[PDB]
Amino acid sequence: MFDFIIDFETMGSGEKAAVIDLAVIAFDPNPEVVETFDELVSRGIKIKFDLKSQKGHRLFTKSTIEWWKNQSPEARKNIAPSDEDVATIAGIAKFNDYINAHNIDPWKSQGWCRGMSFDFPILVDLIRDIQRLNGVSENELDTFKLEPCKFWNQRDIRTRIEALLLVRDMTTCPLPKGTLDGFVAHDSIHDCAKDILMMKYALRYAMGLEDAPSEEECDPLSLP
């Protein structure tokens, strides 16, 4: 029984926000199982969307367009159009296929993102497109069976880590030295891998299966 992480890059903010990419990784919640960076990254997939086709269908917020304009050249590159872009209806199909193929229990697994109010409402809006394509009226939408986890099993990453470490406003977690060797800063799959690791080590410390390293004794990439 694996859990999973998801993370969207978008051009807007609400549940109809134009989506740039969607990274997802299944992982083992067992506190004594410490899945490493490389295997997490390898198990993960990145679904990349065709932005143009969402014009007229999804929401390009201008305060987000400008935000992207000011970001770094390598961050802007990761979000440029490429030949791997897929329509959103193809992307959500790929997303469901990954879940069905990766030991996710529809009733017992948990889904995680860095801000539940952001990724899950978009995810669900995309899954609702699956029913809209099949002619379902908006007020008759019912995606309870199509969703990758039960809604009461979505989980917020900021809330988890902050609660595990008992430090208000602390939503990252230091990892032992070299845990993030091979990290590429604007690789969607890596970002989810680091968040998976930070949540596992927070779980081990709060249980007492290892101790929090020092500032000079931990991978500096894990340090806010």
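Don't overthink the numbering: it's just position in the shown sequence, from 1.
Looking at 177-185 and 46-54 together, the entry lists the larger mean B-factor for 177-185, computed on C-alpha atoms. Stretches compared: 152-160, 195-203. Higher mean C-alpha B-factor in the entry: 195-203. When the C-alpha B-factors of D97, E138, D83, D129 are ranked from the entry, the top spot goes to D83. Sort the chain's modelled residues by C-alpha temperature factor and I25 lands in the middle third, per the entry.
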